[PDB]
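Residue-level listing of the chains:
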Amino acid sequence: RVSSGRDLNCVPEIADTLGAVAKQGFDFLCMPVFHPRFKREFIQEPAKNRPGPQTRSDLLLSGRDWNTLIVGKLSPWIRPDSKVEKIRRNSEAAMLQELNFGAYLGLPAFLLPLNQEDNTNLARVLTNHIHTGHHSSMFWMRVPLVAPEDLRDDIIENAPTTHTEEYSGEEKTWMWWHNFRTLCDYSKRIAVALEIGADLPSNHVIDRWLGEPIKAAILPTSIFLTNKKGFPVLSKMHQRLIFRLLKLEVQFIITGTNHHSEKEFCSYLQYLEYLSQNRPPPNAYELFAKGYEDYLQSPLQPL
Amino acid sequence: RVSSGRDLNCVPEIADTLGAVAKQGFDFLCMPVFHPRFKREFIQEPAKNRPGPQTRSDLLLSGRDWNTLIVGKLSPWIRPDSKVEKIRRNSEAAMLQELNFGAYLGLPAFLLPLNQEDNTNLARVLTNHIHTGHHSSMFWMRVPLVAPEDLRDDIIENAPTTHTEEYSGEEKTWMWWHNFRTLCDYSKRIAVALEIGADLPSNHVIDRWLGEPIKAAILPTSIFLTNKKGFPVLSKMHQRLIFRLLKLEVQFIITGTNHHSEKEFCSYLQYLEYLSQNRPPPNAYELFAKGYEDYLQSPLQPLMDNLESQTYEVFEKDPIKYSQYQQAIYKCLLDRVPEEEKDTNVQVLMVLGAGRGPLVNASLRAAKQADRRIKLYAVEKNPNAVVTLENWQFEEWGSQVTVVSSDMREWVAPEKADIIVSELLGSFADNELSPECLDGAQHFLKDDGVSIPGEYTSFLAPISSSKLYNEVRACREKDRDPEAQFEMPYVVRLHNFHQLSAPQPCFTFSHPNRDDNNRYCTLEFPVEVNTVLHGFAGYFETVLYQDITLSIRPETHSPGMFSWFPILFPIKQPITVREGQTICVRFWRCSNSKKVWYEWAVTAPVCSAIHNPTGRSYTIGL
Amino acid sequence: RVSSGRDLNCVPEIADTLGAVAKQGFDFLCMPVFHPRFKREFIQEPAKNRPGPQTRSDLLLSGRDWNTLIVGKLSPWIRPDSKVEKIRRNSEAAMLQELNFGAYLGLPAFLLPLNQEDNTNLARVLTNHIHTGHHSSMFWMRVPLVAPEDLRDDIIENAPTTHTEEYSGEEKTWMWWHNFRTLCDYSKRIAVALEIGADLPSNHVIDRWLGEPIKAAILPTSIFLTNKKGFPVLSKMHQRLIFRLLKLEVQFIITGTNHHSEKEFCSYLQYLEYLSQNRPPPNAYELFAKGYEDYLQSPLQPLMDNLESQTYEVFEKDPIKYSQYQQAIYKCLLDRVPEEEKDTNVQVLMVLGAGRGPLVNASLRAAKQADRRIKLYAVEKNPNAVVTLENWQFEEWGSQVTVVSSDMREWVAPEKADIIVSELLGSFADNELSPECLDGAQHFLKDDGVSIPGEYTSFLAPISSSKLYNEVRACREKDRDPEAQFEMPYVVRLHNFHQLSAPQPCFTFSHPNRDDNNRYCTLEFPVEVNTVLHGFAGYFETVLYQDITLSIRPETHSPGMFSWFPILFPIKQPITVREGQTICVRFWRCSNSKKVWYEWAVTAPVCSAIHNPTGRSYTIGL
Amino acid sequence: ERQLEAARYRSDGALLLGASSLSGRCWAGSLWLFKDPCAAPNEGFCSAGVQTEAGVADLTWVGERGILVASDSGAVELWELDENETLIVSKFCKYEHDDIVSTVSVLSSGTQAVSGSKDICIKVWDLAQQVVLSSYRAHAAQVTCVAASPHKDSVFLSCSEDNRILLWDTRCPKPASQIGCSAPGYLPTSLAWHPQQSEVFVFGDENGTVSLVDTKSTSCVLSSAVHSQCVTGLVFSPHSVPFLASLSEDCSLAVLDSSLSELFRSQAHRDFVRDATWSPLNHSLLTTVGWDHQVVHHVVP
Ligand SMILES: Cn1nccc1Cc1ccc2c(c1)CCN([C@@H]1CCN(C(=O)c3ccnc(NC4CCC4)c3)C[C@H]1O)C2
Ligand SMILES: Cn1nccc1Cc1ccc2c(c1)CCN([C@@H]1CCN(C(=O)c3ccnc(NC4CCC4)c3)C[C@H]1O)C2
Ligand SMILES: CSC[C@H]1O[C@@H](n2cnc3c(N)ncnc32)[C@H](O)[C@@H]1O
Ligand SMILES: CSC[C@H]1O[C@@H](n2cnc3c(N)ncnc32)[C@H](O)[C@@H]1O
Ligand SMILES: [Cl-]
Ligand SMILES: [Cl-]
Ligand code: NA
Ligand code: NA
Ligand code: NA
Ligand code: NA
Ligand code: NA
Ligand code: NA
Ligand code: NA
Ligand code: NA
Ligand code: NA
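**Topic: the overall build of chain A**
Here's step 1: Secondary structure assignment for chain A yields nine helices and ten strands.
Here's step 2: At 21 Å, chain A has a C-alpha radius of gyration in line with the 19 Å of a compact globule built from 303 residues.
Here's step 3: Taking the principal axes of its C-alpha atoms as reference, chain A extends roughly 65 × 65 × 45 Å.
Here's step 4: Counting only residues that meet the buried cut, chain A has 43% of its 303 residues in that class.
Here's step 5: Sequence-distant contacts, at least 24 apart, represent 74% of the contacts inside chain A between residues at least 6 apart.

**So, the site of ligand 1**
Residues and elements named next belong to chain B.
Here's step 1: Taken together, the neighbourhood of ligand 1 is formed by 24 residues, with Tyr-312, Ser-427, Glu-432, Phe-562 and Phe-565 sitting nearest.
Here's step 2: Backbone polar atom of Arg-356 to a nitrogen atom of ligand 1: 3.2 Å apart, as the coordinates give it.
Here's step 3: Between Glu-432 and ligand 1, the recorded distance is 2.3 Å, taken from a side-chain N or O atom to an oxygen atom.
Here's step 4: Compared with its free state, where it exposes 770 Å², ligand 1 has 93% of that area covered by protein.
Here's step 5: Among the residues making up the shell around ligand 1, the classes are represented as 14 nonpolar, five polar and five charged.

**Side note on the sheet that holds strand 12 (residues 373–379) of chain B**
Strand pairing in a sheet takes place through backbone hydrogen bonds and is either antiparallel or parallel in direction.
Residue and element names in this part refer to chain B.
Here's step 1: Taken in spatial order, the five strands make up an open sheet running 13-12-11-14-15, and their pairing is parallel. Each edge of the open sheet is held by one strand with a lone partner, namely strand 13 (401–404) and strand 15 (445–452). Across the sheet, the axes of successive neighbouring strands diverge by a mean angle of 20 degrees, strand direction being ignored.
Here's step 2: Of the pairings in the sheet, the one linking strand 12 to strand 13 comprises four bridges and is parallel in character. From the neighbouring strand, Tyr-377 faces strand 13, where its bridge partner is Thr-402.
Here's step 3: In the packing of helix 12 (residues 358–370) onto the sheet, the strands contacted are strand 11 (346–352), strand 12, strand 13 and strand 14 (417–422), and the crossing angle to strand 12 comes to about 175 degrees.

**Observations concerning the sheet that holds strand 4 (residues 109–113) of chain A**
All names here are of chain A.
Here's step 1: Overall, parallel pairing links the eight strands, which are arranged 1-2-3-4-5-6-7-10 in a closed barrel. Strand-to-strand, the axes of this sheet are offset by a mean angle of 25 degrees, without reference to chain direction.
Here's step 2: Pairing of strand 6 (residues 190–195) with strand 7 (residues 214–220) involves four bridges; the strand directions are parallel. Residue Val-192 lies in a different strand from strand 7, and its bridge partner there is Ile-214.
Here's step 3: Taken strand by strand, helix 1 (residues 14–24) contacts strand 1 (4–7), strand 2 (28–30) and strand 3 (70–73), and its axis lies near 125 degrees from that of strand 2.

Reading guide: rules and limits
- Residues numbered from 1 in each chain as written, not as in the entry; some residues may be left out.
- Chains lettered and ligands numbered in written order.
- Part of a larger assembly, values for the part shown.
- Heavy atoms only, no water.
- Helix = DSSP H or I, 4+ residues; strand = E, 2+ residues; numbered from the N terminus.
- Rg over C-alpha atoms; globule rule 2.2 N^0.38 Å.
- Buried < 20%, exposed > 50% of the residue type's maximum accessible area, 1.4 Å probe, protein only.
- Contact = heavy atoms within 4.5 Å.
- Near = heavy atom within 4 Å.
- Polar contact = N/O pair within 3.5 Å; in protein donor to acceptor, adjacent residues only side chain to side chain.
- Areas by Shrake-Rupley, 256 points an atom, 1.4 Å probe, with all protein chains shown as cover.
- Nonpolar A, V, L, I, M, F, W, Y, C, P; charged D, E, K, R; others polar.
- Pairing = 2+ DSSP bridges.
- Axes fitted to C-alpha atoms, helices over the stretch in contact; angles between N-to-C directions.

See below:
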């Protein structure tokens, strides 16, 4: 069945919060390791010399809990590719701090967004961090299937959403990932956390993500259609995408708040569980071939 | 003068023929090693079992003659990319036979044509032959500047020569070479024998061959215009091309028969000789730089390493650099202390990195040229150099110069300085760590103190050189990253290369720094040609004082200054740049307490890997 | 003639001094780079802060003079292995200073003494300096042939010089060098400057220095006997030592002051010049072999690879080899067909591997010297060589010689052979795979048929050469086993080496083989000296016919035959062999259908690893 | 010289042989005449012979006493048969081509000829004046074959490794016209005009296919796979209804009908078949020469 996690950007009591998501039925938690809004100065006085502590203690969880249950998240204020020199330098120092604190806790993975076209400096700082001792930690790059600019409501009068098809334009989100992973020199520690919006793009945009290292698929609560009873469900085309992702054996992350308020949060997991239990159950070939997937072998020479 | 050869496709008596071309005045001979028309069968009887001999004996010449005088030629019937399976197989077996016989005679080079677009199988068979024991033999690929199809007479009624311009179409001859050498994996044994037709193409087609390994330039007798007397000559535009090729030091081959029949064949060589003897005879810079062309060198680190005695010796003899440093001090002394204060006011002047003291001497000349009193300190960290100074201090200077045997970042000074004078610049301005050194020496500069130099700025320019790309690729060493050679800069007098955009400024530093030294700079380079990006040439300019400057920036280059050659930042994989597209390069200056290093990446038109991440391949010691 | 230098410990004016020694006739000067008595403090005040300069200026000579004429000398006060902590620390800092100043001047070499048993710290400081940037500078370790303690006058009443022989004790000076160079990890920058006293030791002490990297031989003026006239000369035993050193091509240094006061200092050089001009002037072999000394080469594989034209050319000019092959055929023709049968009986004679046909020619000369008719076949697999034969067959030989363009293992013959004549031997007899080739050609030999050669035998001998061990160690290549270079044989004219036992036979082969070709041979080599085993020299003998033989076995070596140099089977780790002990070596000849290779191991006095197991490092292609 | 290139029967029945050394110390050529055809190739039983400075690639009779040669040297040369026909002397030897001259053909007049060199150029000659009139760089590769129109000076065929067959008409300002089959097939190698139809020819390709072409229809009416390897020569018989002889590197002669059906085949040659010439005296007798130095005389049923 489905290995799934909860994405939160708000964690008052790490103890209570983590106890609740496990009770909800999640296998792990994606949280901030510094308060998302706690912006920090590294250069200019007097904010430079802000008294600590700078975040909450590593004592609040067991090393096992950090090792298994907690996925880190880069604070959203951290923008290493800002147009402002000062915001770049702060973001550089801030990113190393959050990544180095991630490595301190021994987190299985740490989330970083690909929000814009130019994530060059972001790639450089992450590359710097990766070549700071051989340390096995995963970096899930958060990439949207469709960019927020290209799914915005057509409600800006003097700047309308183009009613024409741009074949390559609708794949720009993939070039974000390609340019990033290419700059980082195809690091096995750098994988895709693909984020799936309310309205899917053309298949060629979705097909674009075949052969790419997808470790996580992020499903916001907003993309779930309500049914007669009240339960959350997904469109036939969303189900197709979920079925293809279950073959890749991805971890499904639920982000956003509960919109089906008359239901427990497991209602979302219950549907994923129901989905993965109602996939076609091949096969003669597939069940015999289960374990050998993308596993390289020397060709036998019986002669 | 010109090293030149004769191309013949007919050799009755190898003895008489070779004796004639040497008498004609040629240095070597390009001939067939099997009779061009002697087609040979390897598969199907009865031609398969044709009685030998298959060619003429190796006994007909000395091993020396084969080694020096004879260039082989692939028999023209040999077509490994024929559409006929049988002709492919025969051509395969035939090509190996001719190449293997070439290797048997120990020929300096062997000629193979690029006639058509698809020479894939030809490349495969040559690649097979090259990886048949490590054997040093050159393969001159015969490529035309214009394809025979695109210079044919407009005399076919139902198929006319297009009267339109195809920018990329007219460069197809280069894609022939590029696709071939790429398939053969950039073998240093595979060079271009560029063949030049009667009518040259557009400059962009000719410019396309810059940075390419041209060993030979082939001149058919047909392209030579006749003059009043009867002698063969070339058009002004042909002469230009010959002059550019003579700088690349190519061997000129004469193909075709004599059309100036009332003249000896030397008439053609006599003109090449006349041409190469009537080139402009530069230079101050060029004659001093002759020998260092496309020669890769590790960038010196005068901080981390102590420079050798002979290293110093050759760089205190640059009169332009010290003329400028003298004048820089000359003007600063006048601006700082007035005329009526000349005898009362003595200026505490500090040379930070004095080595053998050519800047100490410059400071003295400037002082009694401006007629102002100065107190000299010669701070030097290199203890071997300090011996030279203290010997010179005792013998010549006196107590005017206090020789300090210290690092300028450490030295606790007796008094603050009026002028700090330094010489810590490299080929890329800051690559010898002038910023870090002067920052650590800044505290003992007077509040109203001048630094000479006051300012320096590094410049970058994208370049194309498959030649220089090969040289970097050849720098793979055991017991390190296989690609480490690509992730470090080289000092090199860039020669066979193509500058793909105007140099733009990268990093700037000011002294004193009235305000860190880490940097991040994005550059956008507009490219107006089809080309292949292999790396970025680095230059620099510096403000010593006011209007007195030094530069190795080619545009503004200080006249006849040999102190600095340009630096080269390679890239692992060449990036195809199509005409109109922008090269977007990213440069970081990175540092901790111990190391300073550069990281760099191309982000357009394609993304490269970030080069030298965390200084894993290259660091500069603090 | 002799390249020689002057050793001085006193240099008032470097200008005058160097001008005088060059006038005296010396090629270079060994001097101090700091005044020998100028002891320097680096730790404790107030001597720590001694005002400079610390030595004389680098300006006093040209960079060329420093580069060519000046050998540095470590100040004699510098003792890094002193029992006093303070003197160690000063000596450490002082040694780096003198070595770093040597490197600054760019000196060709720098002299350091081995005075005592424990030079551990001296080795550590020099090792530190060597791994401070890849900088090509030589370090001549000054070692005495006899220690000063063991040649002191017997004039201390309560401590007499022992009147007993200590075989190992008298070699202690070598263990000084061995322990030093071993600690420094066999650096090619660390060589021996052997110092020769008034009275030589036993030959075994002198023999101890064979295979060691001697760059210089130091001759104090004191060891020179005076003659009737007044000239300096040397004893017959000193001359012997000088003659052996002149073969190693060492630089002779003259130390000490002039004791023959009524003569110019050239009197000493004049004698060395006279000596080197009056050495025996060999040879046939030596003059042809001059240039190839201790030069490692890959063993040629004429089977797997086609030999080049110039390769053939240089090996058809060995008149001894073909004199022997001619006579071998000469006698076989007589023994086979009687006198009365001379015109009736024609002998079908087959040259298997005829190349350019010097054996075909040998077979013809032998035929009309013995006055017997022969039918020739010239079987040759190299198609490039077949061109030479078919040209020669058409032009000269005629239908007497049938040129066959085939492999002898494949060729289906028209008729069986009376004599099969072959030339497939290497430096180690069978290393060019003569056995496998002739085995495959044996079926078309007549039941009563002769093979020339009929027999060949490989010989092995244990050797000591730290020099040749360095050369092998330097053959490490990227993209293969780091120790692959040790697990393969090299062809080399072994020069600076020591043969530790009489050559013994390894593998023998007979043809025709009236009976496989895989072998296993154990050898026991009695060693009568203290030494270090670095590998095994391989030679061979062959019976062409009856009493006519060829050999490169030094004892029985064919006079002036340059066709084969000896082969060298290295070992990964040198094995200490003490006097009396036996070297037990094991040699296998291994093969499958595709490859033939040698494996080898030492089993006494210590076990080595089995070298080249399963041919992983080295195979010979079938 | 071992390798025989050309063999042409003169009107009276004499046999002209062009030869070259394509291996050995010397790489020269020679021209012979055999008044007894059943004597060839034996040099000892010839009427006349001469040595050229370089090998011959192609040859043609210029009427009765003229011999026009295509040299490796890059020269077109005309050798004059003696008043007694016992000596062959050079009239002109013009180094006008920049590579091997590979093909020659005399125009219907006999006062002009056209050559095709590996330098890709086709040139028209004035044999009377011994100069070049026209120089045509039409092709983009080695000029393989040039065949003069039987009855028109201004018209002739040419084919090259650029895969073009050009119909020429020097009366036009753009003299060349591309003509062949529907699709671009394998490269043309041999060209023979039909002796009675002025507007049809046959071209042999490098894949062994012989094709019958109509210039008027500009579409290939019929082709056939005659040889297993390249077709090096095509020669028509003097018969009222003519036979087509096809030569090849498969070392086999073939003789075909109007519809390119196999009537005869000879495996007699052990090396390549270079040239074929029909006996003007006995139309059933066809004479071939090859690089095996054989001069085989065939009876055709
Ligand atoms: C005598 N003294 N004593 C005290 C100070 C000095 C002068 C001095 C002390 C160091 C330096 C200088 C001058 C000039 C510049 N150096 C470096 C030298 C190699 N570098 C090159 O670029 C380079 C390579 C190879 N050849 C070159 N030029 C050829 C033309 C014939 C000489 C230049 C990089 C550069 O930073 C440092
Ligand atoms: C002309 N022809 N044509 C047909 C046959 C021949 C003669 C021929 C065909 C092959 C061979 C021979 C003679 C002699 C021996 N070869 C090999 C040559 C390198 N080998 C050496 O040992 C060696 C290395 C380097 N230098 C050497 N000698 C120097 C002294 C100046 C020349 C010897 C290993 C040996 O097996 C094979
Ligand atoms: C002329 S190149 C600069 C010279 O300054 C010296 N130098 C470089 N860095 C320093 C430093 N930090 N303090 C003093 N001298 C320096 C070098 O040894 C060299 O002789
Ligand atoms: C003179 S060295 C021996 C010569 O014999 C040839 N040779 C070596 N092995 C064979 C073989 N198996 N058959 C025929 N020739 C050989 C080599 O090409 C070389 O020219
Ligand atoms: Cl310049
Ligand atoms: Cl010997
Ligand atoms: Na996880
Ligand atoms: Na050459
Ligand atoms: Na590449
Ligand atoms: Na570092
Ligand atoms: Na480094
Ligand atoms: Na020396
Ligand atoms: Na060792
Ligand atoms: Na093996
Ligand atoms: Na091997």
